[PDB]
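Asks: Pasting a structure here, questions to come.
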There are 4 protein chains.
Amino acid sequence: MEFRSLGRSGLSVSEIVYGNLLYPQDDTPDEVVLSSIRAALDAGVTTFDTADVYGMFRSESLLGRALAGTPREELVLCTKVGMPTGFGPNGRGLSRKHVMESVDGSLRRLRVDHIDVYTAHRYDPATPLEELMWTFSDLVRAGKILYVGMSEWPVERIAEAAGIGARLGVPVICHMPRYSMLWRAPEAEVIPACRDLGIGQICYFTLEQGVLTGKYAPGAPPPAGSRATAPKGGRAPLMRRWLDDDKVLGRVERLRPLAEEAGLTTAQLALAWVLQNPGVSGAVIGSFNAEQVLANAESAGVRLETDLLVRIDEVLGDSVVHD
Amino acid sequence: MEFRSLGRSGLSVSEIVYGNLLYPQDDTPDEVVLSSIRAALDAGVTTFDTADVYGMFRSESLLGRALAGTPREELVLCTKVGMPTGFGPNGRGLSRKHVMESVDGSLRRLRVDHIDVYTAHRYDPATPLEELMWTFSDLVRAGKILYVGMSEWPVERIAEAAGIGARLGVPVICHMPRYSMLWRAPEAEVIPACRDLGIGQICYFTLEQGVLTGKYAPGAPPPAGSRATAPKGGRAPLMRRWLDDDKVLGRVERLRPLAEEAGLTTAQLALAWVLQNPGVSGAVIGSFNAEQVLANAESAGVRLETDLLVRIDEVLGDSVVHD
Amino acid sequence: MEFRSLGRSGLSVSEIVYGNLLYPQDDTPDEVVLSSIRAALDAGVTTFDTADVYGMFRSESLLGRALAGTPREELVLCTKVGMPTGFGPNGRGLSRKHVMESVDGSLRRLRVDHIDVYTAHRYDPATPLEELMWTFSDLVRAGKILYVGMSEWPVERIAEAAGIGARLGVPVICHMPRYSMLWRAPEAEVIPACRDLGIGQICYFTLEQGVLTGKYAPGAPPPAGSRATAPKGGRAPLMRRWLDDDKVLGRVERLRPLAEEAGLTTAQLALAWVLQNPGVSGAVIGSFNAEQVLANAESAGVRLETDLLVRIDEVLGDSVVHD
Amino acid sequence: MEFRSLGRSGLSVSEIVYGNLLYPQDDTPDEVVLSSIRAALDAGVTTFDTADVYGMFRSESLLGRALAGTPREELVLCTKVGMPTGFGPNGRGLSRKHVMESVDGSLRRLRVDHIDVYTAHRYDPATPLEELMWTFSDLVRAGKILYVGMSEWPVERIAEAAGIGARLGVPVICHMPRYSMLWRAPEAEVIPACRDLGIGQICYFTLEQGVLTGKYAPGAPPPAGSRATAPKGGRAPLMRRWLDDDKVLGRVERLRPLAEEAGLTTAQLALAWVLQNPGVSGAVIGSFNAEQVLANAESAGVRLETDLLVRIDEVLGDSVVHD
Ligand SMILES: NC(=O)c1ccc[n+]([C@@H]2O[C@H](COP(=O)([O-])OP(=O)(O)OC[C@H]3O[C@@H](n4cnc5c(N)ncnc54)[C@H](OP(=O)(O)O)[C@@H]3O)[C@@H](O)[C@H]2O)c1
Ligand SMILES: NC(=O)c1ccc[n+]([C@@H]2O[C@H](COP(=O)([O-])OP(=O)(O)OC[C@H]3O[C@@H](n4cnc5c(N)ncnc54)[C@H](OP(=O)(O)O)[C@@H]3O)[C@@H](O)[C@H]2O)c1
Ligand SMILES: NC(=O)c1ccc[n+]([C@@H]2O[C@H](COP(=O)([O-])OP(=O)(O)OC[C@H]3O[C@@H](n4cnc5c(N)ncnc54)[C@H](OP(=O)(O)O)[C@@H]3O)[C@@H](O)[C@H]2O)c1
Ligand SMILES: NC(=O)c1ccc[n+]([C@@H]2O[C@H](COP(=O)([O-])OP(=O)(O)OC[C@H]3O[C@@H](n4cnc5c(N)ncnc54)[C@H](OP(=O)(O)O)[C@@H]3O)[C@@H](O)[C@H]2O)c1
């Protein structure tokens with residue numbers, strides 16, 4: 001495994017981060033979840049990404065159990081607060097109340113004294129940033145959290161929060177965008193801004209839910225246990241955008257020669273592609289298959305040639321999404 | 001139930017707040033107090049107002065017991081410190097000593113780790129605001145209180161305290177005035193000042209102790225179990241001002257047609273009237289009658305027409321108290 | 001009992017403070033110490049003055065035991081740190097180390113969660129005031145102490161420490177000088193400076209160890225159990241200054257008519273004299289005799305006429321010590 | 001024993017500090033380690049120097065056990081954080097994560113609530129000094145550490161950290177350089193800078209691993225149980241520099257007359273030499289021999305004549321290392 005700095009900080013994360021998102025009513029057995037996390041550790045993954053809301057507390061509980069026994073110095077636990085976990089209007093968002101009432105349950109379920117990275121899930125316009133950042137100061141002073149992150153935040157608001165955190169001794173070191181070969185919205189403004197502010201990216205949908213594994217053929221029936229066949233949760237439509245486009249699916253199939261050139265699967269090429277941006281500390285991978293994790297983990301530290309990066313842009317052409 | 005922001009904060013309160021004030025020697029059975037709080041929850045009330053001094057600790061103890069089992073994320077607990085609860089000159093006021101010695105008893109009696117809103121009951125000229133605000137900073141850092149409020153405070157002193165709180169990361173978000181159709185002292189200066197400072201009003205005597213239910217006829221014997229018949233405590237004289245005035249009692253009776261126009265009881269009209277001010281986050285209701293609570297709770301989110309607000313002023317005329 | 005503000009603070013102290021200083025090898029039985037503290041409470045005394053060093057922890061232990069059961073809101077506990085209580089050079093002074101290692105033993109022996117007033121005993125030139133004041137900030141944040149005081153401090157250094165405390169949210173409200181009818185060193189600079197800085201005086205040797213009770217006749221054998229007969233500790237020489245001067249002893253005897261004029265014992269006149277200075281919050285009294293405490297306690301709130309204050313100066317004349 | 005101020009602070013250290021460095025696989029029995037620490041206490045040593053990394057936790061555990069029972073006020077415990085103690089890239093360095101995860105193990109092994117001096121072992125360029133100093137602020141606020149130190153740090157970075165510590169109420173009072181008669185690299189810049197910043201030196205290799213005891217003759221077989229015969233760990237090469245130079249070994253032998261002049265062993269002269277610099281608070285001594293400790297301890301407070309300091313420079317000549 002290769003490691004990077006999360007921003008201007010002393011924290012190193014693995015270049016490959018394991019995420020274990022589950023749906024509130026999910027059919028994936030716990031035994032399959034635990035063996036995937038076990039496969040991530042075997043591949044040298046140190047960094048784990050979860051949320052209170054994932055599985056409605058189940059995702060954090062399973063992770064807590066899988067990692068019990070791993071020495072604490074060897075793990076970076078990233079969790080999130082902001083999505084609804086309680087009934088009523090104080091059971092969500094980034095108020096002092098919701099954050100204070102969230103942290104202790106996250107600690108219990110993960111079986112730890114402190115969370116390495118605590119991420120504000122979504123930006124919440126009701127809470128002033130002075131309220132939020134002082135709430136984070138209190139949790140850092142108490143040693144319940146070490147570092148702060150944000151996911152899906154307007155860039156003006158990232159800068160503001162970084163500013164206040166510098167004043168209050170809150171390390172704001174991490175932003176979580178959607179980033180892949182196909183989705184490059186964050187190249188325009190977010191990564192340039194974040195880099196100046198000492199913030200690194202931990203990136204999600206890096207395989208666009210399997211579309212960048214080359215495993216979906218244009219005009220075909222999708223494979224046996226593929227995500228296309230089992231579309232649980234409101235993320236299935238984000239995938240439908242690409243599966244209902246035989247153009248993209250065919251251009252993704254043409255990357256395979258480029259990958260084999262470099263001695264990679266299409267999956268490893270897509271993961272290595274994200275890792276080529278200096279603004280990126282980590283790529284998150286989803287999988288409940290041990291063999292997929294151990295293989296996806298090997299993208300860590302791979303440099304792609306200037307030549308191969310120019311040919312990738314040519315093949316994908318106008319299917320790429322910018323800003 | 002409808003919810004509002006308490007000031008410029010992430011905290012939402014219900015538009016209808018339940019208060020459970022008791023007298024130090026009070027004849028109201030506990031079973032009647034517990035069933036009223038139970039009726040408030042059934043009506044969707046999330047926000048509860050009490051004080052150390054109410055019932056001499058009895059009011060907080062009963063509330064603690066009634067709300068045991070309700071998830072913490074679903075409640076906003078507002079309590080007060082400042083009124084005498086101990087013997088001698090340090091057993092009252094807003095000194096570091098009295099506040100530090102008060103908070104832990106409030107937490108025990110309410111059965112909670114933290115109080116949502118901690119209100120300085122009355123302004124106390126002996127304590128410098130620097131002493132008080134640093135005492136509140138220490139309680140916020142420790143996570144024993146989340147937000148700070150004030151009740152019956154000079155407006156210069158609200159501004160001063162808001163200023164220092166912004167500097168020390170103390171959210172000062174709440175002021176508690178007397179406010180009704182008949183008592184509009186806070187329109188003049190308090191609500192305008194508070195609105196600029198990011199402070200919302202949680203309002204009391206919103207029915208002027210039942211006078212704005214239309215239930216008292218000019219020149220009559222007051223009903224069986226009415227507050228006029230059972231005048232316990234030094235709040236009875238504030239009511240006597242209006243009951244010894246057949247003029248007001250007759251003008252209140254003439255609102256009933258205006259209420260029925262809007263499909264409301266006089267009580268619901270009086271409560272909705274307060275809620276029409278943008279500076280108001282919540283109206284407090286007193287009652288030890290389930291049927292009264294469930295009915296008063298339905299004023300939440302009712303808009304009154306411009307027409308009806310002009311006709312209300314005409315009927316009440318010069319009985320209204322301003323500044 | 002009458003009460004005063006300790007400085008610009010919300011803390012009230014009794015005008016009569018009980019001190020229980022003992023010598024490291026002292027013959028006074030505990031039963032006599034406990035009954036004196038019991039007599040102080042009966043006289044309405046709320047404020048108690050002690051030190052880690054007094055009796056070598058015995059003075060604090062007895063006070064802790066005597067006051068067990070008294071409600072906490074009704075007491076002001078003043079203790080001191082700075083005098084040697086341990087072996088070696090870190091077993092004394094005002095270093096972070098000595099103060100941090102002192103506070104928990106004081107709390108245990110007094111049987112309390114927090115000390116009302118924590119006094120820096122003597123000024124210590126080795127420790128920078130930034131180190132000391134940050135150590136006091138940490139103890140206030142933790143709620144182990146509420147207010148800070150100083151005893152026998154240069155006035156430049158009182159001002160400096162008051163300045164830093166205002167910056168760090170440390171209430172510096174109390175100075176402890178030697179002050180009596182005969183010893184007026186603090187009138188010159190200390191009380192004027194302290195009054196501008198919001199600091200009140202709690203005063204010691206207010207009877208000059210019994211010399212201002214009129215109980216010592218010039219050219220006589222001192223009474224049976226008098227302090228002159230039992231000169232334990234290095235405070236006996238401070239008394240010898242006045243007992244080896246038949247002039248003063250005779251001028252003190254001539255105050256008795258002035259006292260009887262006002263319906264006071266010479267002791268009550270001497271105590272009331274100190275309390276006439278607006279810069280004074282409290283006079284400390286020593287006694288292990290119940291009848292003396294109950295009588296000395298009655299000086300509280302006595303105003304002396306302008307006439308009587310001019311005649312007192314005439315009688316004592318040039319025996320008075322100024323600066 | 002003689003004592004000095006550690007910088008501009010209230011902390012006194014003994015002029016002779018005992019260090020107990022061990023190698024991760026070391027043959028020295030625990031019984032020999034415990035009796036050496038016992039000999040240090042008997043010689044009046046109050047100050048003990050160790051590290052998490054020394055013996056891989058064994059050095060701190062033995063020290064913890066040897067000092068159990070010694071009153072806390074009588075000891076200054078100096079430990080270090082920064083060297084690798086865990087697997088992976090967060091198991092080392094000065095990140096919030098590594099420091100937070102280190103302190104509690106150091107406290108447990110030493111059997112104490114707080115560490116007197118916490119030293120950043122090596123400077124770590126990955127961690128910004130704002131992250132580090134706020135991590136130290138949190139540990140001081142919590143009372144887990146009292147004072148902060150640095151070992152082997154660039155001088156620009158000492159100044160920067162001292163600056164931030166003054167702002168955050170972190171006492172930065174201590175630097176640990178290599179310093180002896182033969183190694184004077186720190187005279188050039190480090191001690192002058194440190195003295196202006198209120199930082200004192202606790203010095204190591206003060207005998208250059210026994211070379212300044214005069215016990216190694218040029219062109220000979222080194223004694224029975226001498227360090228030259230048993231070269232464990234990567235510090236043996238630093239010694240080889242001097243043992244492979246018959247010139248130095250012969251010049252060290254010629255100091256013996258100068259030592260006997262002053263009534264000292266060559267060891268006592270070398271230790272007293274370091275202590276002559278006003279910028280030095282303490283000299284660290286290594287030994288697992290009781291008789292060596294009790295003798296080395298007697299250098300404490302010895303003044304050397306101007307005459308003897310000029311003759312020492314003449315004898316050692318160009319073997320001395322400067323900058
Ligand atoms: N910060 C945020 O707001 C946010 C939002 C969403 C997600 N996330 C995080 O990011 C993660 C994203 O996971 P994701 O699964 O949604 O997106 P993804 O990582 O783009 O997709 C992973 C999926 O692609 C398929 N796949 C991966 N490698 C493969 C291989 N070598 N061969 C064949 N198929 C392969 C697998 O599904 P099948 O084999 O079943 O097709 C796998 O479950 C989540 O776990 C979560 O922790 C964060
Ligand atoms: N911040 C402060 O300093 C402060 C000061 C005072 C009070 N408060 C708070 O505000 C609350 C005010 O309560 P309050 O009772 O004094 O004043 P209120 O809310 O104006 O009066 C409520 C009373 O009016 C009558 N009533 C209400 N709805 C009715 C209906 N639909 N039909 C018939 N009668 C009805 C009831 O008494 P009867 O039926 O018995 O006549 C009821 O107890 C207290 O509980 C307390 O929590 C705060
Ligand atoms: N902050 C500081 O550095 C500091 C320093 C010293 C003391 N103090 C405090 O201040 C206190 C001073 O006590 P102190 O006793 O040294 O000085 P004091 O209060 O001037 O003297 C009290 C003594 O005078 C005699 N006395 C008092 N009232 C009397 C009466 N009505 N009739 C007859 N005799 C009477 C008693 O001794 P006999 O009857 O036995 O003659 C009594 O013990 C101490 O307890 C201590 O807490 C503080
Ligand atoms: N801050 C840092 O980074 C750092 C780095 C290294 C060390 N240190 C500290 O500094 C200490 C340095 O210890 P050190 O032993 O490496 O260097 P040292 O103190 O220069 O050498 C001590 C050694 O010299 C010999 N010796 C001492 N006195 C003697 C006498 N009177 N007669 C004969 N031989 C004598 C002994 O070895 P033999 O008798 O076996 O020859 C003894 O073990 C360590 O314990 C550690 O705590 C700190």
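Ordering of the structure tokens sets the chain letters (A, B, ...); residue numbers start at 1 within each chain; ligands are numbered from 1 in the order shown.
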Select the residues contacting ligand 2 at a distance of at most 6 Å, based on only C-alpha atoms and all ligand atoms, then format the selection as a PyMOL selection string.
Replies: chain B and resi 19-21+49-50+151+176+204-210+213+226-227+267+284-287+292+296
Asks: Write out the residues from the selection above, keeping N, CA and C atoms, as a PDB file, in the first residue's frame.
Replies:
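Output file again_6.pdb is given in full below:
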```pdb
ATOM      1  N   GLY B  19     -44.849  25.107  29.087  1.00  0.00           N
ATOM      2  CA  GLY B  19     -44.306  25.499  30.400  1.00  0.00           C
ATOM      3  C   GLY B  19     -45.064  24.813  31.526  1.00  0.00           C
ATOM      4  N   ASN B  20     -44.391  24.469  32.634  1.00  0.00           N
ATOM      5  CA  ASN B  20     -45.021  23.712  33.751  1.00  0.00           C
ATOM      6  C   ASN B  20     -44.732  24.414  35.084  1.00  0.00           C
ATOM      7  N   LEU B  21     -44.778  25.745  35.107  1.00  0.00           N
ATOM      8  CA  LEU B  21     -44.588  26.526  36.359  1.00  0.00           C
ATOM      9  C   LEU B  21     -45.533  26.009  37.449  1.00  0.00           C
ATOM     10  N   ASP B  49     -40.353  24.284  28.759  1.00  0.00           N
ATOM     11  CA  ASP B  49     -39.820  25.447  29.520  1.00  0.00           C
ATOM     12  C   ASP B  49     -40.083  25.232  31.009  1.00  0.00           C
ATOM     13  N   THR B  50     -39.046  25.374  31.826  1.00  0.00           N
ATOM     14  CA  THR B  50     -39.113  25.157  33.288  1.00  0.00           C
ATOM     15  C   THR B  50     -38.071  26.056  33.957  1.00  0.00           C
ATOM     16  N   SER B 151     -34.118  36.182  30.205  1.00  0.00           N
ATOM     17  CA  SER B 151     -35.533  36.536  30.502  1.00  0.00           C
ATOM     18  C   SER B 151     -35.564  37.849  31.284  1.00  0.00           C
ATOM     19  N   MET B 176     -36.755  35.783  26.491  1.00  0.00           N
ATOM     20  CA  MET B 176     -38.115  35.415  26.961  1.00  0.00           C
ATOM     21  C   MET B 176     -38.803  36.662  27.512  1.00  0.00           C
ATOM     22  N   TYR B 204     -44.186  34.417  26.969  1.00  0.00           N
ATOM     23  CA  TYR B 204     -44.995  33.945  28.124  1.00  0.00           C
ATOM     24  C   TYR B 204     -46.175  34.895  28.395  1.00  0.00           C
ATOM     25  N   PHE B 205     -47.113  34.424  29.219  1.00  0.00           N
ATOM     26  CA  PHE B 205     -48.431  35.063  29.481  1.00  0.00           C
ATOM     27  C   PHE B 205     -49.148  35.368  28.158  1.00  0.00           C
ATOM     28  N   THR B 206     -49.056  34.475  27.172  1.00  0.00           N
ATOM     29  CA  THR B 206     -49.592  34.687  25.799  1.00  0.00           C
ATOM     30  C   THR B 206     -51.127  34.675  25.821  1.00  0.00           C
ATOM     31  N   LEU B 207     -51.741  34.071  26.846  1.00  0.00           N
ATOM     32  CA  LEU B 207     -53.215  34.128  27.060  1.00  0.00           C
ATOM     33  C   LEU B 207     -53.563  35.077  28.227  1.00  0.00           C
ATOM     34  N   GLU B 208     -52.599  35.832  28.761  1.00  0.00           N
ATOM     35  CA  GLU B 208     -52.757  36.661  29.991  1.00  0.00           C
ATOM     36  C   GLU B 208     -53.538  35.874  31.057  1.00  0.00           C
ATOM     37  N   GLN B 209     -53.110  34.631  31.292  1.00  0.00           N
ATOM     38  CA  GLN B 209     -53.555  33.727  32.386  1.00  0.00           C
ATOM     39  C   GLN B 209     -55.008  33.293  32.183  1.00  0.00           C
ATOM     40  N   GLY B 210     -55.492  33.327  30.937  1.00  0.00           N
ATOM     41  CA  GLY B 210     -56.837  32.847  30.563  1.00  0.00           C
ATOM     42  C   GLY B 210     -57.761  33.983  30.150  1.00  0.00           C
ATOM     43  N   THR B 213     -58.936  33.865  26.539  1.00  0.00           N
ATOM     44  CA  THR B 213     -59.762  32.701  26.125  1.00  0.00           C
ATOM     45  C   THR B 213     -61.238  33.110  26.009  1.00  0.00           C
ATOM     46  N   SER B 226     -61.684  27.942  37.518  1.00  0.00           N
ATOM     47  CA  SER B 226     -60.976  29.056  36.825  1.00  0.00           C
ATOM     48  C   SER B 226     -59.851  29.601  37.714  1.00  0.00           C
ATOM     49  N   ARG B 227     -58.786  30.168  37.126  1.00  0.00           N
ATOM     50  CA  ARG B 227     -57.629  30.779  37.852  1.00  0.00           C
ATOM     51  C   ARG B 227     -58.067  31.950  38.742  1.00  0.00           C
ATOM     52  N   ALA B 267     -58.792  31.451  22.146  1.00  0.00           N
ATOM     53  CA  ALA B 267     -57.488  30.992  22.681  1.00  0.00           C
ATOM     54  C   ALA B 267     -56.503  30.812  21.519  1.00  0.00           C
ATOM     55  N   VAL B 284     -45.164  30.088  24.672  1.00  0.00           N
ATOM     56  CA  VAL B 284     -45.322  29.161  25.831  1.00  0.00           C
ATOM     57  C   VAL B 284     -46.811  29.079  26.175  1.00  0.00           C
ATOM     58  N   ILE B 285     -47.328  27.883  26.457  1.00  0.00           N
ATOM     59  CA  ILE B 285     -48.721  27.667  26.945  1.00  0.00           C
ATOM     60  C   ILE B 285     -48.660  27.018  28.328  1.00  0.00           C
ATOM     61  N   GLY B 286     -49.441  27.553  29.261  1.00  0.00           N
ATOM     62  CA  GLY B 286     -49.775  26.880  30.526  1.00  0.00           C
ATOM     63  C   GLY B 286     -51.101  26.163  30.401  1.00  0.00           C
ATOM     64  N   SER B 287     -51.192  24.955  30.954  1.00  0.00           N
ATOM     65  CA  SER B 287     -52.468  24.240  31.198  1.00  0.00           C
ATOM     66  C   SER B 287     -52.173  22.912  31.898  1.00  0.00           C
ATOM     67  N   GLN B 292     -57.304  21.116  26.674  1.00  0.00           N
ATOM     68  CA  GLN B 292     -56.883  22.527  26.441  1.00  0.00           C
ATOM     69  C   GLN B 292     -55.572  22.548  25.646  1.00  0.00           C
ATOM     70  N   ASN B 296     -54.949  24.063  22.060  1.00  0.00           N
ATOM     71  CA  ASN B 296     -54.054  25.253  21.991  1.00  0.00           C
ATOM     72  C   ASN B 296     -52.901  24.960  21.020  1.00  0.00           C
TER      73      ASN B 296
END
```
Asks: Any chance you could list, as JSON, numbers by chain, the residues in region 19-50 of chain C that come up alpha helix (DSSP H) when DSSP is run on the backbone?
Replies: {"C": [30, 31, 32, 33, 34, 35, 36, 37, 38, 39, 40, 41, 42]}
Asks: Looking only at the backbone, which of the residues in region 98-210 of chain D does DSSP tag as strand (DSSP E), as a PyMOL selection string?
Replies: chain D and resi 115-121+145-151+172-176+200-203
Asks: Residues within 8 Å of residue 12 (chain A), please, as a list in words. Count only C-alpha atoms; anything in the same chain fewer than 6 positions from it doesn't count.
Replies: residues 3, 4, 5 and 6 of chain A; 89 and 90 of chain D
Asks: Write the selection just made, keeping N, CA and C atoms, as a short mmCIF file (atom, residue, chain, number, x, y, z; two decimals), in the first residue's frame?
Replies:
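Saved the output as again_0.cif:
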```cif
data_model
loop_
_atom_site.label_atom_id
_atom_site.label_comp_id
_atom_site.auth_asym_id
_atom_site.auth_seq_id
_atom_site.Cartn_x
_atom_site.Cartn_y
_atom_site.Cartn_z
N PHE A 3 0.85 5.53 0.84
CA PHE A 3 0.20 6.49 1.76
C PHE A 3 0.43 7.92 1.27
N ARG A 4 -0.51 8.81 1.59
CA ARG A 4 -0.43 10.25 1.28
C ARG A 4 -0.83 11.05 2.51
N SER A 5 -0.41 12.31 2.52
CA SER A 5 -0.86 13.33 3.49
C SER A 5 -2.31 13.66 3.18
N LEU A 6 -3.14 13.71 4.21
CA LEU A 6 -4.49 14.30 4.11
C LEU A 6 -4.30 15.79 4.35
N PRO D 89 2.60 4.53 8.97
CA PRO D 89 3.08 5.92 8.95
C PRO D 89 2.48 6.86 10.00
N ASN D 90 1.46 6.43 10.74
CA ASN D 90 0.86 7.24 11.83
C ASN D 90 1.37 6.75 13.18
#
```
Asks: Per residue of chain A within 10 Å of chain D, note the shortest atom pair and the distance in Å to one decimal, counting only C-alpha atoms, and order the rows by chain and increasing residue number, as CSV.
Replies:
```
residue,atom,partner,partner_atom,distance
A:3,CA,D:89,CA,7.8
A:4,CA,D:89,CA,9.5
A:5,CA,D:126,CA,8.2
A:8,CA,D:128,CA,7.0
A:9,CA,D:127,CA,5.4
A:10,CA,D:127,CA,4.3
A:11,CA,D:95,CA,6.2
A:12,CA,D:90,CA,6.3
A:13,CA,D:89,CA,8.6
A:14,CA,D:89,CA,9.5
A:44,CA,D:88,CA,9.8
A:46,CA,D:88,CA,8.7
A:71,CA,D:86,CA,8.4
A:72,CA,D:101,CA,7.9
A:73,CA,D:91,CA,5.4
A:74,CA,D:88,CA,6.0
A:75,CA,D:90,CA,8.4
A:76,CA,D:90,CA,8.8
A:113,CA,D:101,CA,9.9
A:114,CA,D:100,CA,9.5
A:115,CA,D:97,CA,9.9
A:116,CA,D:97,CA,7.3
A:140,CA,D:138,CA,8.0
A:141,CA,D:138,CA,5.4
A:142,CA,D:138,CA,7.8
A:143,CA,D:100,CA,7.8
A:145,CA,D:97,CA,9.6
A:146,CA,D:97,CA,6.6
A:147,CA,D:96,CA,8.5
A:166,CA,D:130,CA,8.4
A:168,CA,D:134,CA,9.3
A:169,CA,D:134,CA,6.0
A:170,CA,D:131,CA,8.5
A:171,CA,D:131,CA,7.1
```
Asks: Only C-alpha atoms, please: the residues just picked out, written as a short mmCIF file (atom, residue, chain, number, x, y, z; two decimals), in the first residue's frame.
Replies:
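Produced file out_26.cif, reproduced below:
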```cif
data_model
loop_
_atom_site.label_atom_id
_atom_site.label_comp_id
_atom_site.auth_asym_id
_atom_site.auth_seq_id
_atom_site.Cartn_x
_atom_site.Cartn_y
_atom_site.Cartn_z
CA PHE A 3 0.20 6.49 1.76
CA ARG A 4 -0.43 10.25 1.28
CA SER A 5 -0.86 13.33 3.49
CA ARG A 8 -1.31 20.11 5.25
CA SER A 9 -1.45 17.76 8.31
CA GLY A 10 0.61 14.99 9.97
CA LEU A 11 -2.14 12.43 9.17
CA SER A 12 -1.25 9.84 6.45
CA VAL A 13 -4.13 7.93 4.76
CA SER A 14 -3.79 4.87 2.44
CA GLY A 44 -2.90 -3.03 3.48
CA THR A 46 -5.55 1.61 6.79
CA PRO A 71 -4.02 -1.52 16.87
CA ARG A 72 -5.49 2.06 16.87
CA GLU A 73 -2.25 3.66 15.49
CA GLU A 74 -2.69 1.49 12.30
CA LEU A 75 -6.26 2.78 11.45
CA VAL A 76 -7.76 6.08 10.20
CA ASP A 113 -12.17 6.89 22.20
CA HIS A 114 -11.70 9.23 19.16
CA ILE A 115 -12.63 9.46 15.43
CA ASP A 116 -9.62 10.32 13.17
CA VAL A 140 -11.09 18.50 19.51
CA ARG A 141 -10.33 20.01 23.01
CA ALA A 142 -12.13 16.94 24.54
CA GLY A 143 -10.10 14.59 22.22
CA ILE A 145 -12.21 13.91 17.16
CA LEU A 146 -8.73 14.77 15.74
CA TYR A 147 -9.36 16.25 12.23
CA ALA A 166 -7.22 28.13 11.60
CA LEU A 168 -9.87 28.13 16.64
CA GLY A 169 -7.18 25.38 16.28
CA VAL A 170 -9.55 23.07 14.31
CA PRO A 171 -7.64 21.14 11.58
#
```
